[PDB]
Every structure is written in structure tokens, then in C-alpha cells.
Amino acid sequence: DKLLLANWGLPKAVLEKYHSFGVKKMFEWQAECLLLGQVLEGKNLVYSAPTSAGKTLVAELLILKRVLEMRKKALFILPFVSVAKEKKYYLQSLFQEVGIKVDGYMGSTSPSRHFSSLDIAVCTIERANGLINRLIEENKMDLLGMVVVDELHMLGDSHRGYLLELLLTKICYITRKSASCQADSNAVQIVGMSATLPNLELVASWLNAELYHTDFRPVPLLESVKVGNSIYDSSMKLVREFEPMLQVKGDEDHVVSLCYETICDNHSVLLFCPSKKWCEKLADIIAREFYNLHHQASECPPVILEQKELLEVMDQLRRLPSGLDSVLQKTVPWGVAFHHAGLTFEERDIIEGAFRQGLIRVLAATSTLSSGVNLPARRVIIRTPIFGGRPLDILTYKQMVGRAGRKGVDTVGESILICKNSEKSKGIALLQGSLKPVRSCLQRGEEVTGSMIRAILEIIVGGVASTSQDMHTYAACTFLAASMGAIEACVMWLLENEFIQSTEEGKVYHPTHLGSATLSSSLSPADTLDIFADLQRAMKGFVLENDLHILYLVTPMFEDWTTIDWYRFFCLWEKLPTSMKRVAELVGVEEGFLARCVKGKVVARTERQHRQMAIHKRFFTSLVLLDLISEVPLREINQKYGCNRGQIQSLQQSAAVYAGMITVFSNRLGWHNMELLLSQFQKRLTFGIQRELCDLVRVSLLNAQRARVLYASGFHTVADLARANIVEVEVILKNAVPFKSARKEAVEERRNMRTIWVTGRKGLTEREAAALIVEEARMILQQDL
Ligand SMILES: Nc1ncnc2c1ncn2[C@@H]1O[C@H](COP(=O)(O)OP(=O)(O)NP(=O)(O)O)[C@@H](O)[C@H]1O
Ligand SMILES: [K+]
Ligand SMILES: [Mg+2]
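Heads up: the sequence shown runs through residues 67 to 250, 256 to 368, 375 to 521, 524 to 563, 580 to 599, 605 to 844, 851 to 891, numbered per PDB author numbering.
Listed below in C-alpha cells is the structure:
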């Protein structure tokens, strides 16, 4: 009818891309969300819908609208780097045919093309907030046409979610300062979306946006809870008396039986488990039982139509900086796998693709995946309502059970929450539970608050708020004031700590050098005080014989990245060379405190002055980072310190970004000598390499491992690599592969095996990759001239 996608004036290049797989007609709620109101005119919109209902199409049609009609640039903001990268490639594939340049601002990644020569920028929260501030410093704010926010419910409380408010308030503040222009239409449109929030109307009013809400969902979700053999619904009514056709020993809350039942019916199952260790243990059991039950009585997958793709998955894992996991090597041949934060992001990209293609039918995951990328399944099983020793959060629950039901595939989506008689009441609480109202995170015996101090600093230093009148005008645009002193307290704080200047033109506020430095560094004003002192302390007495002391200055300690074994730490302390003990003493690492940690598990940290704990945690971390840029194997670092490869990769990408911040901060203060030393560690922390490999790693396909083996074989630079014979590069790459046996038959059937993974990847052969490396090296060599 009228909701036919071809009747919406869709460009042919995009219309076919939509018709490429499904997407011929729209939903009832999608048509009402666009037409009703002035949404297509330029009015802001805040809409909510259940997961897997088609929230993406609404935004896509609006973005494609403004970009092509108004010829302005769009901003897409996503919570995590993984979902941001996924969204980039998904939007690129649709719009590359219409000459629409789409790049991304994610974590440490930087766009090759300037923002001025783009159309759609995909960002995380941190990078988006920074880009906005960049446009303010350059006054090129007129470029921005609209901002799209995914998961608008992260506005309440998160590690970086509060920045979403400061970002939006900043947009609402600038457009209000332009409302006093008295002219004589569209400006900057804000499209926000989330899950069903109780105070969603409050959010739409704050942004002066039209509201929309629906409960529509193409596949019905059957939320249930299992106690023993019986399965009940949300009203405690029995919906199924489960009886295992076959039975095995073990814990067995019919967990294997439920999964086996699902696979036999040609479906797939997601199994959520509390700890990282349970996922691997359970994935091993299920795969083992799947072998016994099928034949009625760590190898290769059976010869089927999917044998090649199963082998490619196992081979791609092997040729990764992580190698092929021992448990995965056993389970994956039988469509079983696990998924947690312990794996590297590259391993998880493989498994999700495997599960999405049907190669993996059973996936035992953690709560990390529930908030990650889009990955649906027929049945979702939650092993227990007790996660991490604490009862499961309501938001986590709705994110898990929301992945039950594949649109266009399954008739229903089933959700089972396994409980006992004791925790029976807590399970029902989750099924009937609903999301809590979104807090402002700028709430006030705390007249001053971090989020506010940062918010006030950004508008003054940026030069969009000078007087005292501008400050309270900004206070009106906040989400905190939307629900209907503290502002004045934050301004004085910025004055007391040399962040801002006051010139009595009565009462006008200007940025200091320390102010302008903090803004350019994307640093929090609360953290900047200790960082500024730490740097001044380091410049009074600095160790240069090793790279440890420099690394300490760029070692992040705002969050715990692992659980440190203190006994292990003290063992490394004694074996620690004298040159590195000097750095420890010079920082604050006292041997006495290390002894009181191993002897007694007293965390203390109740006193604020107990940043003494953070110091030892920070020095422990710098040691890990030291070995990391010394090209020490991940397995050695794992055994030496007691942390998995997942925690390490999350740390280095965090330290790579942080290292860049401290470098900028030092540059804006005129500290050249300090800047000079730090400016080489951002690149080394990223790839985990030494100075020699810095030139090789410019090539996209070359990481730490591939760069070293090519260096040790005669290829030291890109220039040397452009002259390279392709088949020689291929051979050197083949030598870098990790095998359990001391490897490094003739199989000429593996000449087409795609065993090398990339980002936004087609499977690459070891030959094709080598030719790409030499081809890219030549293109770079020419751009170097
Ligand atoms: N208008 C539509 N027409 C046909 N199929 C659609 C439409 N919208 C979504 N889909 C299907 O849903 C799939 C993707 O899931 P989607 O509906 O986009 O979930 P979402 O709500 O946008 N994301 P999220 O809830 O955050 O996980 C698409 O690939 C389609 O198969
Ligand atoms: K690279
Ligand atoms: Mg969405």
C-alpha cells in the first residue's frame, strides 16, 4: 500500500540495496513514526520500540533524507566500539553506491578523510563529544546537520553515558543562543531512540522532540522461568512440564537437554552464564554430549557442506595474535562455542559471524554480548538469576531475552530463566520488572559534581559562554532542569583551581592555559589536577635508562582492567631489576604496602587518601605495558601476571588513547621535553611493538607478529617491502603461525582456504594477503613522496 518502500522516493541505488535481502514493505509503526508530525520537515524525534522491531530503518530513512535533501553532514553516536564499527560497514554498504562518504571516529581509530569532506560520521560517545568540541573551537558548527543517538537510555548512569547529556545539552545551548538573533528552519535535528522508558516523554520534552512509542514486535517473545522440571510464565502459570527424553549426569538443570532439543529442531540457542569460567566449562560439556548422543555410542569437523567454513573459522583463529583456544578447538567442530570478555575482540568477531551464519548452533556467552551487536537466536537460556554473586539487573535481563526471536525466521522467541525454589521469587521479579526512570547524572551534600564541572568548563573554554547570564541559560537546557545555585559553585571551583579567569564588563569568564589544555586533551577536570601534579613531580626527577617511567605517565588507572594477584606481584617485585626498582621508589611503590597486601587481603580503600592502592595497581599495570611494547608473547604475559588476553587488549587500546591525551596536554602547556618523550608511545602501545616496527605497521594487514617476522627476514621498512617478491612475503607469513606442536604431508587442496581475517572482511588467502601487503606498501611508498 502506501507503506510500500518504493513509494517513499528512495534512490534506486539504495532501493535495490534494501530489496537485496527482504525490506520490501514497512511496518505499521514505522509509517506512523515518519508521517505523523513534522519529522520529515526537520523536527526532532524521540521514539521507542522493542528490540528487533526495525528501529534502524527509521533512522536510516531520516539520515538519507537530510544528507541528500539538505546537503549537510550527519553524526551517528553508538555506545561501544564494536557496535560502532559494525554500524559503519552496514551504512557504508548501503550508501557507497550513491557517492556518500561514510567514515568513523572510534577509540584510537582515525578517519583518513577530513570531516569537511564527509557526509556521515559514525562515532562512539567519547569521540563524538570531542568532535563537537572540535567544531566549537573552529566555529565550523554550521557543518553539522543532524545527530542520531542509539540507545538513549544510557543517558542515566554509565562510565561514559553521561557525556551523551553534555553533548546534547551543548547542542541545545548553542541553538538557544542563536534564538536571540531575531531573524526575518531545520537547524540541527536530533533523532534519539531507546527501549521503553517510563520517563520517555520527559526526554522528548527536554529535546523539544516529537514522541513515539510502540509495543510492536514481529516475533512474539515467550518469557518463562524454570523451577525443577516445570516451566512457568510471568503469572506463575505452568506452560510446560519438561521431561528429558535422554539423560546425562552432571549438574544438569536439563541445560544440555534443553540445548539438544533446540538443535534437533533445526534451531540455535544462546546460553547466558554468570562467570567466564562457566561458559567454557559448559561449552565443553555440551559439545562432548553432542558427540555421544549423535553416534549413539579436538578433532576436525565432519565432511559436510559447512566443513570448509568450519575449518576456515578454526584456521582464522589460529592465524590471530591470540592463536586457537584449546577449548574452542574441541567444541567448534560440533557447532559449539563460548563468548566472553576474556577473548580478544578479533576472536569474538569470528564467533558472532559463525553463529550468525549457522556454523555455530550453541553459544554459551556472558553479559558482555547482551549489550553488544545484533545477534538473535531461537531460544535464550539464562543459567541463573544470580550474576557475579549478586541478583541480575533488570536492564541486563531485558537485553538477554530480547535476543530471542529472529525476524523473518522464527515463529516465536523463547526465553527460559532457570531458578531454584529459594530464588524463585527473584526470578518472577525480573519477568514482571520494568526499567527504572532515567536519572540526570548531574544531580546535586554534593553541591559540586564532576559532570557539571566538565560541562561548565567546555562552554567557557570553547568560547560559547562568557558571562554569568550564559551559565544559567545553559542550566535551562540541561536534562536536570527538564524534570521541573549548583552552577555557581562549579564556576568558583574552576576559579580556585586555575582553570578559568575572572575579569571584573562585570563578571566575565575566560579560559586559562590549563583550561584550554584540558579541553584539547579530552580530559576530565577532576582527573586533570592529579595528572598535572604527577607530571610536575616527574619532571623534577625522571628515569631515562628504560621506558618504564615514561609508561607510568601514560598508564591509565580510572578503572580496574583485571584482578591482580598480590602474591604473584611480590614475586615479580623481588626478581625486578635495580633499574626498575628505582622507578618504583620514585613513584610511591613502597615494599611495606606490598607485604601487607599478600600477608592480609585488606583492600581498605575506604579512606580517600588511599590512592596508595591505585599507585601499586598502576605500577603493576605499567610492567604489563612494558613487556607488551617489548614484544613479549601474550601467553608469557598471561602466565607472568595472571590475566587473560582479553583484559590485555582492552588495556592497550585504553593506554594508546590515554597516551595521546597526555601528549596533547603536555604540548598545550609548552612542556616540550616531556611531550617529546611521550609522543612515541601512542603507536607502540597500540600495536605492542618496538620502535623498529613502527614503519612496517603502517600497512593495514601488518600487526605486531607479522611485522617482526618480516623484519627478521630482511624487510625493515615499507620501502623494502614494496620491492618484495609476493611469494616470499607469503612464505614468511606462513612461518609466523602458532602450532601446539613444534611445527614452525602436502595438501594442495588448501590453496583456496581463506585463513586470514580482516575488518569488514572478505576471507583472504595467505597468498592474496601477501599480494595486498606488497600492493599497499607500494601505494604508501608513492604517497611518501
Ligand atoms: N522495514 C523493515 N522491513 C523488513 N525487514 C525489516 C525492517 N526493519 C527491520 N527488519 C528486519 O530486522 C533486521 C534487523 O533487526 P532490527 O529490526 O533492525 O533491530 P533494531 O531494533 O533496529 N536494533 P536493536 O533492537 O538495537 O538490536 C533486518 O535485517 C530485517 O530483517
Ligand atoms: K596495521
Ligand atoms: Mg536500535
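All C-beta atoms in this analysis are idealised placements derived from N, C-alpha and C, irrespective of residue type, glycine included.
- Distances taken from the Cβ of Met-220 to the heavy atoms of ligand 3 include none shorter than 8 Å.
- Judged by the Cβ position, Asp-216 qualifies as a neighbour of ligand 3 at the 8 Å threshold, a heavy atom of the ligand being closer than this.
- Within the chosen limit of 8 Å, ligand 1 reaches the beta carbon of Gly-88 through at least one heavy atom.
- With respect to the C-alpha of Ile-427, the residue from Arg-455, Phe-720, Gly-400, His-325 having the closest C-alpha is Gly-400.
- If you check the CB distance, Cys-518 and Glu-775 do not come in under 9 Å.
- Along the length of the segment 70-119, whole beta strand (DSSP E) runs at least 3 residues long occupy 111-114, reported in chain order.
- Within the segment 746-784, the runs of alpha helix (DSSP H) at least 4 residues long that lie entirely inside it are, in chain order, 772-778.
- In the displayed model, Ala-554 falls within a helix according to three-state DSSP.
- Of the residues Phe-787, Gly-814, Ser-841, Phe-839, the one whose Cα lies closest to the Cα of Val-829 is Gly-814.
- Shown here for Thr-655: same chain residues with a beta carbon closer than 7 Å to its own, the five before and five after excluded, namely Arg-718, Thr-721, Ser-722, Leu-725, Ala-755 in chain order.
- The C-alpha of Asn-646 is placed about 52 Å away from the C-alpha of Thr-117.
- For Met-531, no beta strand (DSSP E) run applies; the uninterrupted alpha helix (DSSP H) run containing it begins and ends at 529-540, by DSSP.
- Residue pairing for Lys-139: DSSP places it in a beta bridge opposite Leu-210.
- As computed with DSSP, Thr-546 is found in a beta bridge with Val-608.
- In this structure, the CA atom of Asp-727 is about 26 Å from the CA atom of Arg-696.
- Residue pairing from DSSP places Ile-495 in a beta bridge opposite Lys-297.
- For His-225, DSSP records no beta bridge to any residue.
- Taken from the Cβ of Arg-396, every heavy atom of ligand 2 lies 8 Å or farther away.
- Its Cα nearest to that of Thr-662, the residue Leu-751 stands out among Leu-751, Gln-709, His-716.
- Its chain contains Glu-593, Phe-594, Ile-595, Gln-596 as the residues whose beta carbon lies nearer than 8 Å to that of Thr-612, once the 5 sequence neighbours on both sides are disregarded; these appear in chain order.
- Sequence-distant partners of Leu-70 (beyond 5 residues in either direction) whose C-beta falls short of 8 Å from its own C-beta, in its chain, are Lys-90, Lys-91, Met-92.
- Checking the 8 Å criterion, the Cβ of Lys-121 is within range of a heavy atom belonging to ligand 3.
- The segment 138-155 makes contact with the segment 205-223; the number of CB pairs closer than 8 Å reaches 3 or more.
- For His-416, the enclosing beta strand (DSSP E) stretches over residues 413-416.
- Membership of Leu-342 in any alpha helix (DSSP H) is not indicated; the residue belongs instead to the beta strand (DSSP E) covering 340-343.
- CA-CA distance, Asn-803 to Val-797, rounds to 6 Å.
- Boundaries cannot be given for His-180, as no alpha helix (DSSP H) includes it and DSSP labels it neither H nor E.
- Between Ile-886 and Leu-777, the beta carbon gap of about 27 Å keeps them out of contact (Cβ cut-off 8 Å).
- DSSP, read as helix, strand or coil, puts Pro-468 in strand.
- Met-264 has its Cβ nearer than 8 Å to a heavy atom of ligand 3.
- About 5 Å separates the beta carbon of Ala-79 from that of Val-164, a gap short enough to meet the 8 Å contact definition.
- Your pair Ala-119 and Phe-287 checks out as a contact, with CB atoms roughly 6 Å apart and the cut at 8 Å.
- Shortest gap from the CB of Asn-451 to any heavy atom of ligand 1: under 8 Å.
- Taking the Cα positions, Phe-361 is about 7 Å away from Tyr-331.
- Relative to ligand 1, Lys-91 has its C-beta within less than 8 Å of a heavy atom.
- In summary, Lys-320 is exposed, with fewer than 16 beta-carbon neighbours lying within 10 Å of its beta-carbon over all protein chains present.
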